[PDB]
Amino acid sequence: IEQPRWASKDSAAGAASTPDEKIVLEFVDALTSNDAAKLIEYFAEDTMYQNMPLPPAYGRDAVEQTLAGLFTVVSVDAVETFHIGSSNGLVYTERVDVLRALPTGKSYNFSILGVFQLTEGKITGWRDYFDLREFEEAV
């Protein structure tokens, strides 16, 4: 919601300055679409997606199924990206995702640090790190 005190303007989302950073930034903003068919276009054939340390999805089919399933029980109401940066082929997003459980109407604020690996502008790897204590309940 509001800017954390440790937020550094040097690495703000609006300061994204490589084509990979801009692609990832556009991707995480697209999560509010709740549309697995839209989102899967960002992924390479050889790809991976994981909420650490839950079982990963490898391959674009498995990733698409995971996202599709997520969006049947949960709405991504908001994504606020505080930092974005990149280094050695990896892109990092420090952000908050707001998830709303569809059956209960309850919403959850997850503080996430995600790492992305892109190959020719397509997502080859995506791993989100965050507290899963409420993620289970949010199913």
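Start at 1 and count along the sequence shown; that's the residue number.
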Which wins on mean Cα temperature factor, 58-66 or 89-97? 58-66
Higher mean Cα B-factor in the deposited model: 109-117 or 32-40? 32-40
Would you check the entry's CA temperature factor for residue 127 and let me know if it's in the chain's lowest, middle or highest third? lowest
Relative to the other modelled residues in the chain, which third contains the C-alpha temperature factor of residue 72: lowest, middle or highest? highest
Going by the recorded CA B-factors, say which third of the chain residue 102 sits in, lowest, middle or highest. highest
